[PDB]
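Trainee: If you scroll down you'll find the structure; I have some questions about it.
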Amino acid sequence: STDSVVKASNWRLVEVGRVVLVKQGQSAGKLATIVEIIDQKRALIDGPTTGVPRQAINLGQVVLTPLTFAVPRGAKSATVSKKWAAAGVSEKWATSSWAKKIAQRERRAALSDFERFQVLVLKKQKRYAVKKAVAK
Amino acid sequence: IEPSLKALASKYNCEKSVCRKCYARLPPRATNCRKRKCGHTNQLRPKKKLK
Amino acid sequence: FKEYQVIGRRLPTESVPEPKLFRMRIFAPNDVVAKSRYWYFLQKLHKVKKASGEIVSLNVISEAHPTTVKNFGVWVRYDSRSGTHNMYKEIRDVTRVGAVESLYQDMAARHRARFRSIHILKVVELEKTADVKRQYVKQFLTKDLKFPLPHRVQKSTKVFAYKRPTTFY
Amino acid sequence: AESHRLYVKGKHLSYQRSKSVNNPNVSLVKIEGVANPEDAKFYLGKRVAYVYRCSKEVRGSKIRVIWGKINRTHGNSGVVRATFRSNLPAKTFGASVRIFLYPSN
Amino acid sequence: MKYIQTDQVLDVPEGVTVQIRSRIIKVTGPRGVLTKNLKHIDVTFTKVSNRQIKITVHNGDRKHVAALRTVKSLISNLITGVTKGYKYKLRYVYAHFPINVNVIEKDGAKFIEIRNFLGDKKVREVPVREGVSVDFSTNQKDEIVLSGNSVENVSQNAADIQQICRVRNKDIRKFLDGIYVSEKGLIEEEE
Amino acid sequence: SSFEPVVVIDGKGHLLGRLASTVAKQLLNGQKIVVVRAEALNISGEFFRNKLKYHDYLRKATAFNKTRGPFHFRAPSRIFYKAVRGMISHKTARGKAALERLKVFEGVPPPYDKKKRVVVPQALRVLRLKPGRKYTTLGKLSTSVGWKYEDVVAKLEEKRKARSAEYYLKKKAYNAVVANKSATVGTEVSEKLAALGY
Ligand SMILES: [Zn+2]
């Protein structure tokens with residue numbers, strides 16, 4: 001080349017300010033940060049904006065999003081909530097395809113039978129134009 | 001022989017410890033035996049020299 | 001677990017009323033185990049027994065600042081098959097109670113030492129790093145600690161799946 | 001359309017039992033999709049058939065039923081105990097079983 | 001103690017270029033190329049300076065963290081090999097019978113056929129590996145010089161030779177008849 | 001959790017007595033099955049164990065007529081079809097049934113290389129075997145105790161794959177292409193809508 005090349009391995013760091021989607025529990029599918037960190041498994045979250053209270057949690061019980069933001073380690077809630085806004089992390093998250101796919105499957109479940117039948121009619125209509133476009 | 005080579009081949013044969021339990025030919029500065037059939041034992045000796 | 005305070009008097013004798021009172025930070029799962037563990041620890045320090053004596057007060061002590069990660073030094077007298085040892089383990093935990101819970105596991109895993117073997121002699125939040133002697137605490141006291149969770153695994157609620165799984169994270 | 005089923009497909013699993021001795025009064029029924037008891041509780045009360053065919057035309061139909069209902073959930077896995085009107089055969093282990101939607105809500 | 005994160009640092013030279021995706025390693029240099037599949041190990045590589053690679057292991061035990069540093073050396077070795085080569089000056093030590101040895105090529109494979117060894121009417125044939133060149137030393141009599149890019153080839157090939165001249169039954173201290181290894185090193189001089 | 005007709009499992013990857021302690025609950029539940037690719041199973045255990053373990057069946061036999069005595073198949077296929085007809089009550093009609101529901105091959109034998117296989121996650125050796133833990137691969141092991149066909153199942157394979165490859169370009173093509181219209185049709189009303197419905 002001559003420029004070496006290493007793949008390299010990209011990851012999601014559990015660090016300070018890695019926002020996390022809480023899998024299970026009282027919080028359940030809410031963002032929060034990993035504020036201070038305890039050890040490999042154990043971490044200490046807070047997402048006061050979302051409404052997931054300050055707690056140690058197992059990192060199995062949570063999931064790391066690709067989003068990060070500025071926090072100082074051991075930041076209390078009121079700190080976090082402020083820096084949260086200045087970064088605008090909830091709005092970054094909302095735009096992410098992950099979040100869009102989350103809110104879709106919820107919205108799918110919300111649909112009435114009547115509103116679901118619409119989707120037969122509209123999906124049908126989409127085919128016709130597509131299948132017609134396929135020939136062309 | 002020429003002592004350089006005797007010294008060479010004695011390095012590779014005689015200058016060597018031995019496990020007392022598994023009799024296994026060991027390296028000289030070795031503390032423990034590598035073989036796990038004597039319980040990675042520390043009980044070693046030197047391999048005896050000719051004459 | 002919780003960390004009961006337990007206070008106990010002995011009893012009043014004619015000649016010596018108003019006795020000395022004692023106090024222990026018993027890490028006991030409940031009021032009832034507190035009151036045992038207190039008397040079990042009293043009976044090894046004084047000449048008093050639950051019969052010839054009394055509890056004054058249970059008060060459940062709560063962690064002052066229970067969302068701050070602390071480096072808890074804990075001293076432990078634990079009784080082996082052979083003989084009884086002292087110790088000093090250090091526990092990064094967010095409460096005393098959690099620490100002392102998670103010590104009993106750590107003792108049980110590493111020394112098969114059951115709750116009934118272990119005494120919790122003293123517990124101490126360590127102020128300074130440096131006082132944290134153990135390496136396995138020290139790991140997490142590093143200026144700007146970032147790390148990954150390589151080899152993530154997904155709990156599929158279903159039996160089967162079609163996508164063919166991944167450990168990306 | 002192609003699809004007409006207004007019931008939910010259930011596989012009949014077992015009788016309720018010990019290590020050893022079983023109790024044919026009560027049948028375990030799997031339900032499609034039901035992972036947890038939180039899910040399964042919807043199906044309590046919901047009637048259950050075991051349809052099954054035969055040789056004879058007994059009553060204008062060479063085809064038969066054993067009705068029944070789900071009474072309760074069973075373990076943490078969305079199995080559902082189901083007393084039928086008559087007990088299920090044991091030839092029917094692994095058998096399709098029609099959990100309906102009536103007694104609805 | 002499960003060690004949160006460890007890292008060795010490979011310092012790659014100017015000349016060479018190492019290509020590493022997944023756990024495969026095409027080190028390429030002046031002298032050639034040398035692949036290696038570390039996929040048995042589970043470290044992670046990371047380019048920094050083009051002349052640096054953080055190799056690391058996250059949350060490794062005493063065993064895994066060990067396997068981090070050998071990985072370093074295994075590639076450090078490829079790096080050394082694809083520049084400076086490897087040179088394994090063996091010798092023929094014998095008392096009485098001289099070990100006549102010859103690179104005798106059957107089917108383009110190249111064998112170090114050993115002969116007249118300790119007066120053995122047997123012809124003890126070593127096979128020479130892929131990418132290891134065998135050379136008889138000028139000036140220095142009764143010495144065979146294996147040289148190549150991969151040390152794990154050469155040294156192993158040089159061993160095969162060394163173990164094909166063992167002396168069975170005899171007391172070995174007395175019968176130091178055998179091919180031995182004098183000097184493992186590297187081909188490029190002034191280093 | 002769906003009651004398909006048949007179900008195909010790409011043995012590949014899966015550990016064994018796991019992907020096998022399910023394949024077995026999924027028979028005593030009427031389900032069906034058909035594990036293909038066995039020759040690829042993965043059994044915890046460093047090759048050398050797992051093969052002393054074997055040489056610890058191969059050697060059990062009906063003393064007096066080593067014929068009746070346990071039949072030690074080698075067939076990668078079978079090696080993992082015991083581990084089953086071992087986790088089932090297979091001496092109770094409703095047992096045969098079972099093991100009659102569960103075909104089992106190594107490499108993929110038609111009626112199948114054209115249906116989607118599916119991998120029982122709870123088994124994979126990439127979601128269990130804590131990384132580093134040495135594991136093996138029937139497909140060998142076996143090989144090391146009588147199976148006269150790997151080398152002939154490393155043939156018929158490729159020959160396959162190849163096709164199933166050259167049949168996954170015909171797929172893409174067809175698609176990306178179908179995805180160039182979904183757009184031309186995107187934005188349309190029909191969508192701004194189903195764009196809500198959903
Ligand atoms: Zn030994």
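Chain labels A, B, ... are given in the sequence in which chains occur in the structure tokens; within each chain residues are numbered consecutively from 1, and ligands are likewise numbered from 1 in the order shown.
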Let me have all residues with an atom within 9 Å of ligand 1, counting only C-alpha atoms and all ligand atoms, laid out as a list in words.

Mentor: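 So, counting only C-alpha atoms and all ligand atoms, the residues near ligand 1 are residues 18, 19, 20, 21, 22, 23, 24, 25, 26, 32, 33, 34, 35, 36, 37, 38, 39, 40, 41, 42, 43 and 44 of chain B.
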
Trainee: Just want the 12 Å neighbourhood of residue 52 in chain F, counted on only C-alpha atoms, with same-chain residues fewer than 5 positions away dropped. Output as an mmCIF file with N, CA and C atoms, in the first residue's frame.

Mentor:
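Below is the file that was written, selection_17.cif:
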```cif
data_model
loop_
_atom_site.group_PDB
_atom_site.id
_atom_site.type_symbol
_atom_site.label_atom_id
_atom_site.label_comp_id
_atom_site.auth_asym_id
_atom_site.auth_seq_id
_atom_site.Cartn_x
_atom_site.Cartn_y
_atom_site.Cartn_z
ATOM 1 N N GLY F 45 -15.966 -29.384 25.196
ATOM 2 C CA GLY F 45 -14.988 -30.459 25.337
ATOM 3 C C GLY F 45 -13.844 -30.381 24.347
ATOM 4 N N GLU F 46 -12.621 -30.341 24.857
ATOM 5 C CA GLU F 46 -11.467 -30.288 23.982
ATOM 6 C C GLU F 46 -11.342 -31.607 23.260
ATOM 7 N N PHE F 47 -11.222 -31.503 21.949
ATOM 8 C CA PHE F 47 -11.310 -32.660 21.092
ATOM 9 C C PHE F 47 -10.832 -33.921 21.760
ATOM 10 N N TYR F 57 -17.554 -45.562 25.198
ATOM 11 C CA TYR F 57 -18.754 -46.244 24.844
ATOM 12 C C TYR F 57 -18.278 -47.300 23.900
ATOM 13 N N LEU F 58 -17.560 -46.879 22.879
ATOM 14 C CA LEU F 58 -17.202 -47.815 21.863
ATOM 15 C C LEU F 58 -16.881 -49.124 22.533
ATOM 16 N N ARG F 59 -16.479 -49.065 23.803
ATOM 17 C CA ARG F 59 -15.973 -50.253 24.503
ATOM 18 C C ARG F 59 -16.983 -50.935 25.394
ATOM 19 N N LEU F 141 -14.089 -35.681 15.509
ATOM 20 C CA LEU F 141 -14.428 -36.659 16.494
ATOM 21 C C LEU F 141 -14.915 -37.856 15.701
ATOM 22 N N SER F 142 -16.167 -37.794 15.265
ATOM 23 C CA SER F 142 -16.705 -38.840 14.421
ATOM 24 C C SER F 142 -15.585 -39.346 13.552
ATOM 25 N N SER F 144 -12.963 -39.583 13.617
ATOM 26 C CA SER F 144 -11.916 -40.285 14.359
ATOM 27 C C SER F 144 -12.436 -41.524 15.052
ATOM 28 N N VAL F 145 -13.532 -42.053 14.549
ATOM 29 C CA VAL F 145 -14.057 -43.271 15.100
ATOM 30 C C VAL F 145 -15.045 -43.911 14.136
#
```

Trainee: Write down, as a list in words, each residue of chain E that has any atom within 6 Å of an atom of chain A, counting only C-alpha atoms.

Mentor: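 Here is what falls inside 6 Å: residues 17, 18, 19, 20, 21, 46 and 47 of chain E.
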
Trainee: Could the residues in this selection be written to a file with C-alpha atoms, as a PDB file, in the first residue's frame?

Mentor:
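Output file again-v4.pdb follows:
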```pdb
ATOM      1  CA  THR E  17       3.007  -3.577   6.457  1.00  0.00           C
ATOM      2  CA  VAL E  18       0.681  -5.808   8.442  1.00  0.00           C
ATOM      3  CA  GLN E  19      -2.837  -6.536   7.280  1.00  0.00           C
ATOM      4  CA  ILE E  20      -5.108  -7.794  10.080  1.00  0.00           C
ATOM      5  CA  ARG E  21      -8.835  -8.444   9.753  1.00  0.00           C
ATOM      6  CA  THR E  46      -5.857  -1.759  16.972  1.00  0.00           C
ATOM      7  CA  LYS E  47      -3.814   0.428  14.637  1.00  0.00           C
TER       8      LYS E  47
END
```

Trainee: Residues near residue 3 in chain C, anyone? I mean within 7 Å using only C-alpha atoms, not counting same-chain ones fewer than 3 positions away, as an MDAnalysis selection string.

Mentor: chainID C and resid 25:28 60:61 97

Trainee: Selection from above, N, CA and C atoms, as an mmCIF file, in the first residue's frame, can you write it?

Mentor:
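Once everything was written out, this is out.cif:
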```cif
data_model
loop_
_atom_site.group_PDB
_atom_site.id
_atom_site.type_symbol
_atom_site.label_atom_id
_atom_site.label_comp_id
_atom_site.auth_asym_id
_atom_site.auth_seq_id
_atom_site.Cartn_x
_atom_site.Cartn_y
_atom_site.Cartn_z
ATOM 1 N N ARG C 25 -23.811 -2.719 64.814
ATOM 2 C CA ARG C 25 -24.356 -2.571 63.460
ATOM 3 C C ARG C 25 -24.481 -3.942 62.806
ATOM 4 N N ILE C 26 -25.549 -4.637 63.159
ATOM 5 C CA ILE C 26 -25.784 -5.980 62.688
ATOM 6 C C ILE C 26 -26.301 -5.967 61.271
ATOM 7 N N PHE C 27 -25.594 -6.645 60.382
ATOM 8 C CA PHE C 27 -26.065 -6.826 59.019
ATOM 9 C C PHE C 27 -26.926 -8.068 58.965
ATOM 10 N N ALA C 28 -28.199 -7.901 59.292
ATOM 11 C CA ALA C 28 -29.119 -9.026 59.409
ATOM 12 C C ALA C 28 -30.322 -8.845 58.489
ATOM 13 N N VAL C 60 -33.316 0.284 61.930
ATOM 14 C CA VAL C 60 -32.675 -0.072 60.669
ATOM 15 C C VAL C 60 -31.919 1.149 60.154
ATOM 16 N N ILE C 61 -30.592 1.034 60.087
ATOM 17 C CA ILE C 61 -29.747 2.071 59.525
ATOM 18 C C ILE C 61 -29.815 1.965 58.019
ATOM 19 N N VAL C 97 -24.839 -2.378 53.042
ATOM 20 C CA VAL C 97 -25.669 -3.564 52.915
ATOM 21 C C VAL C 97 -25.365 -4.380 51.659
#
```

Trainee: Restrict the calculation to only C-alpha atoms, then for each residue of chain C with any atom at most 7 Å from an atom of chain A give the closest atom pair and their distance in Å to one decimal, rows by chain and rising residue number, as JSON lines.

Mentor:
```
{"residue": "C:67", "atom": "CA", "partner": "A:55", "partner_atom": "CA", "distance": 6.2}
{"residue": "C:68", "atom": "CA", "partner": "A:74", "partner_atom": "CA", "distance": 7.0}
{"residue": "C:69", "atom": "CA", "partner": "A:38", "partner_atom": "CA", "distance": 6.3}
{"residue": "C:92", "atom": "CA", "partner": "A:38", "partner_atom": "CA", "distance": 6.2}
{"residue": "C:93", "atom": "CA", "partner": "A:38", "partner_atom": "CA", "distance": 6.8}
{"residue": "C:140", "atom": "CA", "partner": "A:39", "partner_atom": "CA", "distance": 6.6}
{"residue": "C:145", "atom": "CA", "partner": "A:15", "partner_atom": "CA", "distance": 6.5}
{"residue": "C:146", "atom": "CA", "partner": "A:15", "partner_atom": "CA", "distance": 4.5}
{"residue": "C:147", "atom": "CA", "partner": "A:13", "partner_atom": "CA", "distance": 5.1}
{"residue": "C:148", "atom": "CA", "partner": "A:13", "partner_atom": "CA", "distance": 4.4}
{"residue": "C:169", "atom": "CA", "partner": "A:11", "partner_atom": "CA", "distance": 5.4}
```

Trainee: Should the cut-off be 6 Å, what would the residue list for chain A against chain F look like, counting only C-alpha atoms, as a list in words?

Mentor: residues 104, 107, 108 and 122 of chain A

Trainee: Using only C-alpha atoms, find each residue in chain E having at least one atom no more than 12 Å away from chain C; report its shortest atom-to-atom pair and that distance in Å (one decimal), rows by chain then rising number, as a tab-separated table.

Mentor:
```
residue	atom	partner	partner_atom	distance
E:1	CA	C:136	CA	6.1
E:2	CA	C:136	CA	8.1
E:3	CA	C:139	CA	7.5
E:4	CA	C:139	CA	6.7
E:5	CA	C:147	CA	7.7
E:6	CA	C:139	CA	10.9
E:42	CA	C:150	CA	10.1
E:43	CA	C:150	CA	10.5
E:44	CA	C:150	CA	10.1
E:56	CA	C:147	CA	11.5
E:57	CA	C:150	CA	9.8
E:58	CA	C:148	CA	7.5
E:59	CA	C:149	CA	8.6
E:60	CA	C:150	CA	11.0
E:61	CA	C:136	CA	12.0
```

Trainee: Write out as a list in words which residues come within 12 Å of residue 48 in chain B when counting only C-alpha atoms, dropping same-chain ones fewer than 6 positions away.

Mentor: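 Listing them by chain and then by number gives residues 10, 13, 14, 15, 16, 17, 18, 25 and 28 of chain B; 171, 172 and 173 of chain E.
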
Trainee: Counting only C-alpha atoms, what is within 8 Å of residue 85 in chain D, bar same-chain residues fewer than 4 positions away, as a list in words?

Mentor: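 In the requested form, the answer reads residues 66, 67 and 68 of chain D.
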
Trainee: One number please: CA of residue 76 in chain C to CA of residue 120 in chain C, in Å, one decimal.

Mentor: 5.0 Å

Trainee: Taking only C-alpha atoms into account, produce a table as a Markdown table in which each residue of chain F with an atom at most 10 Å from an atom of chain C appears once, together with its shortest atom pair and the distance in Å to one decimal, ordered by chain and rising number.

Mentor:
```
| residue | atom | partner | partner_atom | distance |
| --- | --- | --- | --- | --- |
| F:1 | CA | C:158 | CA | 5.2 |
| F:2 | CA | C:158 | CA | 8.6 |
| F:7 | CA | C:160 | CA | 9.5 |
| F:9 | CA | C:160 | CA | 8.7 |
| F:10 | CA | C:162 | CA | 9.8 |
| F:13 | CA | C:164 | CA | 9.9 |
| F:22 | CA | C:159 | CA | 8.3 |
| F:23 | CA | C:159 | CA | 9.9 |
| F:26 | CA | C:159 | CA | 9.3 |
| F:116 | CA | C:162 | CA | 8.0 |
| F:117 | CA | C:162 | CA | 7.2 |
| F:118 | CA | C:162 | CA | 4.6 |
| F:119 | CA | C:161 | CA | 5.8 |
| F:120 | CA | C:160 | CA | 4.5 |
| F:121 | CA | C:160 | CA | 6.3 |
| F:122 | CA | C:159 | CA | 7.1 |
| F:123 | CA | C:159 | CA | 9.7 |
| F:124 | CA | C:165 | CA | 8.3 |
| F:126 | CA | C:167 | CA | 7.9 |
| F:127 | CA | C:153 | CA | 5.7 |
| F:128 | CA | C:153 | CA | 8.4 |
| F:130 | CA | C:151 | CA | 8.9 |
| F:131 | CA | C:151 | CA | 8.2 |
```

Trainee: I need the residues of range 6-82 of chain C that end up classed as alpha helix (DSSP H) by DSSP on the backbone, written out as a list in words.

Mentor: residues 31, 32, 33, 34, 35, 36, 37, 38, 39, 40, 41 and 42 of chain C

Trainee: Take the residues just selected and output them with C-alpha atoms as a short mmCIF file (atom, residue, chain, number, x, y, z; two decimals), in the first residue's frame.

Mentor:
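Generated output (out_11.cif):
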```cif
data_model
loop_
_atom_site.label_atom_id
_atom_site.label_comp_id
_atom_site.auth_asym_id
_atom_site.auth_seq_id
_atom_site.Cartn_x
_atom_site.Cartn_y
_atom_site.Cartn_z
CA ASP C 31 -35.64 -7.73 62.96
CA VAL C 32 -35.54 -11.29 64.18
CA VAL C 33 -32.13 -12.24 62.80
CA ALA C 34 -30.81 -8.90 64.03
CA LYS C 35 -31.84 -9.78 67.53
CA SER C 36 -30.11 -13.16 67.25
CA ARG C 37 -26.98 -11.88 65.72
CA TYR C 38 -26.75 -9.16 68.31
CA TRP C 39 -27.03 -11.66 71.19
CA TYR C 40 -24.64 -14.05 69.41
CA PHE C 41 -22.12 -11.30 69.26
CA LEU C 42 -22.84 -10.17 72.80
#
```

Trainee: Nearest to residue 9 in chain E: which of E:165, E:187, E:68, E:159 is it, counting only C-alpha atoms?

Mentor: E:68

Trainee: Name all residues at most 12 Å from range 46-52 of chain D (count only C-alpha atoms; drop same-chain ones fewer than 3 positions away) and give them as a PyMOL selection string.

Mentor: chain D and resi 7-12+27-31+40-43+55+61-72+80-89+91-105

Trainee: Please return, as a ChimeraX atom specification, all residues of range 7-90 of chain A that DSSP assigns to strand (DSSP E) on the basis of the backbone.

Mentor: /A:13-14,18-22,31-37,42-47,52-58,62-68

Trainee: Do a neighbour search on range 127-144 of chain E at 8 Å with only C-alpha atoms, toss out local chain neighbours closer than 2 positions, and write the hits as a PyMOL selection string.

Mentor: chain E and resi 89-93+103+109-112+125+146-150+153-154+157

Trainee: Output N, CA, C and O atoms for every residue in that selection, as a short mmCIF file (atom, residue, chain, number, x, y, z; two decimals), in the first residue's frame.

Mentor:
```cif
data_model
loop_
_atom_site.label_atom_id
_atom_site.label_comp_id
_atom_site.auth_asym_id
_atom_site.auth_seq_id
_atom_site.Cartn_x
_atom_site.Cartn_y
_atom_site.Cartn_z
N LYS E 89 21.91 -22.01 12.56
CA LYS E 89 23.16 -22.72 12.34
C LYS E 89 23.19 -23.97 13.21
O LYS E 89 23.45 -23.90 14.41
N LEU E 90 22.88 -25.10 12.59
CA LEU E 90 23.05 -26.38 13.23
C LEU E 90 24.50 -26.82 13.09
O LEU E 90 25.23 -26.24 12.30
N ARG E 91 24.92 -27.82 13.86
CA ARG E 91 26.24 -28.46 13.69
C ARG E 91 26.11 -29.97 13.64
O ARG E 91 25.11 -30.52 14.08
N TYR E 92 27.11 -30.64 13.08
CA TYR E 92 27.21 -32.08 13.18
C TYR E 92 28.27 -32.32 14.21
O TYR E 92 29.45 -32.06 13.98
N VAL E 93 27.84 -32.79 15.36
CA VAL E 93 28.75 -33.27 16.35
C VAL E 93 28.77 -34.76 16.17
O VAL E 93 27.71 -35.40 16.08
N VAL E 103 21.05 -32.30 1.01
CA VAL E 103 19.71 -31.88 0.60
C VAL E 103 19.36 -32.63 -0.68
O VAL E 103 19.81 -32.26 -1.77
N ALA E 109 10.36 -31.67 -3.33
CA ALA E 109 10.00 -31.43 -1.93
C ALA E 109 11.19 -30.98 -1.08
O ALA E 109 11.01 -30.21 -0.14
N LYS E 110 12.38 -31.48 -1.42
CA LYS E 110 13.62 -31.24 -0.68
C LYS E 110 13.59 -31.97 0.66
O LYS E 110 12.75 -31.68 1.53
N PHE E 111 14.49 -32.93 0.82
CA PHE E 111 14.68 -33.64 2.07
C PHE E 111 16.13 -33.48 2.52
O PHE E 111 17.03 -33.45 1.69
N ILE E 112 16.32 -33.35 3.82
CA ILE E 112 17.64 -33.42 4.42
C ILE E 112 17.83 -34.88 4.82
O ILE E 112 17.61 -35.28 5.96
N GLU E 125 15.57 -39.74 6.90
CA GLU E 125 15.12 -38.66 6.04
C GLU E 125 14.25 -37.65 6.80
O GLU E 125 13.21 -38.01 7.36
N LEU E 146 19.83 -23.82 8.26
CA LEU E 146 18.47 -23.59 7.82
C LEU E 146 18.22 -22.13 7.96
O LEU E 146 18.64 -21.51 8.94
N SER E 147 17.54 -21.58 6.96
CA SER E 147 17.13 -20.18 7.00
C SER E 147 15.80 -19.98 6.29
O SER E 147 15.49 -20.65 5.30
N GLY E 148 15.02 -19.05 6.82
CA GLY E 148 13.71 -18.76 6.29
C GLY E 148 13.07 -17.53 6.90
O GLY E 148 13.64 -16.87 7.78
N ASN E 149 11.86 -17.24 6.43
CA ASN E 149 11.11 -16.11 6.92
C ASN E 149 10.39 -16.48 8.21
O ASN E 149 10.57 -15.82 9.22
N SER E 150 9.58 -17.54 8.18
CA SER E 150 8.87 -17.96 9.39
C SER E 150 9.79 -18.73 10.32
O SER E 150 10.30 -19.79 9.95
N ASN E 153 8.43 -22.17 11.24
CA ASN E 153 8.83 -23.18 10.27
C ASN E 153 10.26 -23.60 10.51
O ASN E 153 10.52 -24.78 10.74
N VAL E 154 11.18 -22.64 10.45
CA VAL E 154 12.61 -22.95 10.47
C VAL E 154 12.99 -23.70 11.71
O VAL E 154 13.47 -24.82 11.61
N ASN E 157 11.72 -27.04 11.71
CA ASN E 157 12.46 -27.83 10.75
C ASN E 157 13.84 -28.19 11.26
O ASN E 157 14.29 -29.31 11.09
#
```

Trainee: At a cut-off of 8 Å, which residues of chain E touch chain B? Count only C-alpha atoms and give the answer as a PDB file with N, CA and C atoms, in the first residue's frame.

Mentor:
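Written output follows (iface_21.pdb):
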```pdb
ATOM      1  N   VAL E  93      27.840 -32.789  15.361  1.00  0.00           N
ATOM      2  CA  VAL E  93      28.748 -33.266  16.355  1.00  0.00           C
ATOM      3  C   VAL E  93      28.766 -34.759  16.173  1.00  0.00           C
ATOM      4  N   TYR E  94      29.971 -35.306  16.090  1.00  0.00           N
ATOM      5  CA  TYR E  94      30.164 -36.745  16.100  1.00  0.00           C
ATOM      6  C   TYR E  94      31.536 -37.064  16.641  1.00  0.00           C
ATOM      7  N   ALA E  95      31.646 -38.247  17.240  1.00  0.00           N
ATOM      8  CA  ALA E  95      32.926 -38.767  17.694  1.00  0.00           C
ATOM      9  C   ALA E  95      33.608 -39.485  16.538  1.00  0.00           C
ATOM     10  N   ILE E 172      23.289 -41.513  26.419  1.00  0.00           N
ATOM     11  CA  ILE E 172      23.456 -40.320  25.574  1.00  0.00           C
ATOM     12  C   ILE E 172      24.611 -39.405  25.930  1.00  0.00           C
ATOM     13  N   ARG E 173      25.012 -39.398  27.197  1.00  0.00           N
ATOM     14  CA  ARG E 173      26.130 -38.561  27.618  1.00  0.00           C
ATOM     15  C   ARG E 173      27.399 -38.997  26.912  1.00  0.00           C
ATOM     16  N   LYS E 174      27.522 -40.297  26.695  1.00  0.00           N
ATOM     17  CA  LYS E 174      28.672 -40.853  26.021  1.00  0.00           C
ATOM     18  C   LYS E 174      28.591 -40.625  24.521  1.00  0.00           C
ATOM     19  N   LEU E 176      27.400 -38.414  22.059  1.00  0.00           N
ATOM     20  CA  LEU E 176      27.000 -37.077  21.699  1.00  0.00           C
ATOM     21  C   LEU E 176      27.042 -36.902  20.200  1.00  0.00           C
ATOM     22  N   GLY E 178      25.291 -36.558  16.986  1.00  0.00           N
ATOM     23  CA  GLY E 178      24.017 -35.906  16.766  1.00  0.00           C
ATOM     24  C   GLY E 178      24.164 -34.571  16.101  1.00  0.00           C
ATOM     25  N   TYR E 180      23.035 -30.761  16.237  1.00  0.00           N
ATOM     26  CA  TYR E 180      22.599 -29.883  17.305  1.00  0.00           C
ATOM     27  C   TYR E 180      22.429 -28.508  16.746  1.00  0.00           C
ATOM     28  N   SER E 182      23.464 -24.636  17.054  1.00  0.00           N
ATOM     29  CA  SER E 182      24.519 -23.806  17.604  1.00  0.00           C
ATOM     30  C   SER E 182      24.014 -22.412  17.910  1.00  0.00           C
TER      31      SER E 182
END
```
